[PDB]
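For reference, the structure is listed below as structure tokens.
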Amino acid sequence: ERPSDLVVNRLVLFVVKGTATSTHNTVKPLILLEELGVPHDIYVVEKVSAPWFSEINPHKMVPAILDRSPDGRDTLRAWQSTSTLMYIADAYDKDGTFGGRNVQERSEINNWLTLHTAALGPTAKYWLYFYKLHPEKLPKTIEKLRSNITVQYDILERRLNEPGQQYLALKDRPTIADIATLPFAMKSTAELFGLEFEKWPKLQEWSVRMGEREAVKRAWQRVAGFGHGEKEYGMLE
Amino acid sequence: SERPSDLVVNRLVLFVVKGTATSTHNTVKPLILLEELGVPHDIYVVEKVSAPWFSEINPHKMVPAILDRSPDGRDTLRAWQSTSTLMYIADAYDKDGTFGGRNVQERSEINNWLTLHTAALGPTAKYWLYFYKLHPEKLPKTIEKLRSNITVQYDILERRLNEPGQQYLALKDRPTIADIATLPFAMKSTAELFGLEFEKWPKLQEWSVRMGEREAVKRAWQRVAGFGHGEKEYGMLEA
Ligand SMILES: [Cl-]
Ligand SMILES: [Cl-]
Ligand SMILES: [Cl-]
Ligand SMILES: [Cl-]
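Those protein sequences? They're chains B and A, same order as listed. So the first sequence is numbered by PDB author numbering: it starts at 3 and just counts up by one. So the second sequence is numbered by PDB author numbering: it starts at 2 and just counts up by one.
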């Protein structure tokens, strides 16, 4: 059974209480919702281990989405931050401003999106797990993952050194590839990994360029504050 | 750093390595979809993925990768990462959305189960194989934890395939790029490599057998094993 306050009248983004370590994935779909001006609700999940939430995301993590299908026949779900980006782009990015407008654009967007989804994302997640969650400390495993993060930063730096390549996928504008990468490729996260982010200057410039976008600023502010308003858990008003 | 003499893009070119049990589980993915759709393609066997010319195609220096002509045929584009190669082939060649999804509902579930593989089982299995075989030192505690995480992913797939009428991972009716992406890491042979008894996930095992019976899947496994063992060891194969 779902909580009484969980109703799907529009896109519902599932998050947890905003902390330094709880927002780097939930901010991704929120950035795109803010960029496109998509009507949405915020549901603050008290416990991702709750059976009702496992029915939405079998992987028992945020972010997740419930939304009405375009024809209203189905309640659609998206889970895994990358999948939430793909869903919002599919349902709401009519012009392919962030999703890509042609086969050529989408070929590069999916390259750099999938690089994050398969490489930096999981490497960073395993680094964080072994660094402070695993019951035993495994420094050789932690060091190899931190080494792999620097290899990923090197690739992103190489791309952003290519002539006129202002964003990861497309030269001209940010895409879901850029939104997916940003939280794991900015100064604060680099410092968490014990890295000097200045050693990737084009990647740092890119992170500042992304960070100056009003939609990104709004997303970071809101994700920090979720659960710290008048309501702690459930559907925010 | 120049491209090899025999590398030309007159059609889709799929970059692979010499076929072994542990070199083909990612390259087989786009090859399955190419065989399913009947896409005309060439195979290029990469001798050294560390070669500068190859990093200009895939900066991550791994197979699979694709070079293909743009739709209008005036330009060349690239796809790298097995998941990206599947998304590209579906975009360019699956206009009916038979494997890519025909609407927002279908694509929502396809992208959920495709991304689960791309984010969870795929990277976990990759790190497992790396620490098990490739890493200069053996770290059995790391290896054991990754093996445990594989069983958690198998548990999720098993739950999904136990849902009423859920014959495939994403859609009830037919297999999609989500099923193609998952199969190589969720079959009896791979489960045995990880030191797992695949029978503990009966609906997942039944699903892997159903997928394996598809003629395009049989052709892909048959071909990917042979690449680099024919009359030409490296470079553009003749087909
Ligand atoms: Cl993800
Ligand atoms: Cl996530
Ligand atoms: Cl991938
Ligand atoms: Cl891959």
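Ideal Cβ placement from N, Cα and C applies to all residues, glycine included.
Hey, could you find the ends of the alpha helix (DSSP H) residue i is sitting in?
i                    : result
residue 1 of chain B : Absent from the model: residue 1 of chain B. The displayed extent of chain B is 3 to 239, so no value can be given.
B:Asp-92             : 83–94
A:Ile-157            : 141–162
A:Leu-194            : 189–194
B:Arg-108            : 105–117
A:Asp-180            : 178–183
A:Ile-33             : 29–38
A:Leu-205            : 203–213
A:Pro-53             : 53–56
Rounded to whole angstroms, how far is the Cβ of residue i from the Cβ of residue j, which I believe are closer than 8 Å?
i         : j         : result
A:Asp-43  : A:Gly-236 : So it is not a contact: roughly 11 Å between Cβ atoms.
A:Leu-117 : A:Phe-186 : Rounded, the Cβ-Cβ distance is 11 Å, inconsistent with contact.
B:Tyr-128 : B:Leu-38  : Not a contact, Cβ separation roughly 32 Å.
B:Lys-30  : B:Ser-83  : 4 Å
B:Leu-32  : B:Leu-15  : 6 Å
B:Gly-20  : B:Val-218 : The pair is not a contact, with the Cβ atoms about 16 Å apart (cut-off 8 Å).
B:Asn-59  : B:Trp-81  : 4 Å
B:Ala-120 : A:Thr-191 : Wrong, their Cβ atoms sit about 18 Å apart, outside the cutoff.
A:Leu-184 : A:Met-212 : 5 Å
A:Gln-223 : B:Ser-71  : No, A:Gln-223 and B:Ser-71 are not in contact; Cβ-Cβ is about 40 Å, not under 8 Å.
Here's the rule I'm using: 16 or more other beta-carbon atoms within 10 Å means buried, otherwise exposed. How should residue i be labelled?
i                    : result
A:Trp-54             : exposed
A:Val-46             : buried
B:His-26             : buried
B:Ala-22             : exposed
A:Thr-77             : exposed
A:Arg-161            : buried
A:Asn-163            : exposed
B:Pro-41             : exposed
A:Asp-156            : exposed
A:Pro-124            : buried
A:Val-9              : exposed
A:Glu-193            : exposed
residue 2 of chain B : A query on residue 2 of chain B cannot be resolved here, the shown segment of chain B reaching from 3 to 239 and no further.
B:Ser-109            : buried
A:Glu-36             : buried
A:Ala-171            : buried
A:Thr-28             : buried
residue 2 of chain B : Absent from the model: residue 2 of chain B. The displayed extent of chain B is 3 to 239, so no value can be given.
A:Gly-102            : buried
A:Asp-73             : exposed
A:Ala-126            : buried
A:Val-17             : buried
A:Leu-135            : exposed
B:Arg-4              : exposed
B:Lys-173            : exposed
B:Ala-221            : buried
A:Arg-75             : exposed
B:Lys-49             : exposed
B:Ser-51             : exposed
I'd like the span of the beta strand (DSSP E) that includes residue i, first residue to last.
i         : result
A:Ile-44  : 42–46
A:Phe-16  : 13–17
B:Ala-126 : Note, B:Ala-126: premise wrong, no beta strand (DSSP E); alpha helix (DSSP H) at 123–130.
A:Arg-75  : A:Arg-75 -> no beta strand (DSSP E), and no H or E assigned at all.
B:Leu-238 : B:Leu-238 -> no beta strand (DSSP E), and no H or E assigned at all.
B:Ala-171 : Where B:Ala-171 is concerned, there is no enclosing beta strand (DSSP E), given that its DSSP letter is neither H nor E.
B:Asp-69  : 66–70
Next on the checklist: Three Cβ pairs or more, each shorter than 8 Å: is that satisfied between the segment 113–126 of chain A and the segment 82–95 of chain B?
Outcome noted: These segments touch.
Next on the checklist: Under 7 Å, CB to any heavy atom of ligand 1. Which residues pass, going along the chain?
Outcome noted: B:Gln-82, B:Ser-83, B:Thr-84, B:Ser-85, B:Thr-119, B:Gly-123, A:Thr-116 and A:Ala-120
Next on the checklist: With three or more C-beta pairs closer than 8 Å as the rule, is the segment 97–111 of chain B touching the segment 58–66 of chain A?
Outcome noted: no
Item to check | Inter-stretch contact (C-beta, 8 Å, three-pair minimum) for the segment 174–184 of chain B and the segment 137–144 of chain B | outcome: Counting C-beta pairs closer than 8 Å gives fewer than three between the segment 174–184 of chain B and the segment 137–144 of chain B, which falls short of the contact rule.
Item to check | Stretch pair the segment 220–235 of chain A + the segment 196–203 of chain A: three plus CB contacts closer than 8 Å | outcome: no
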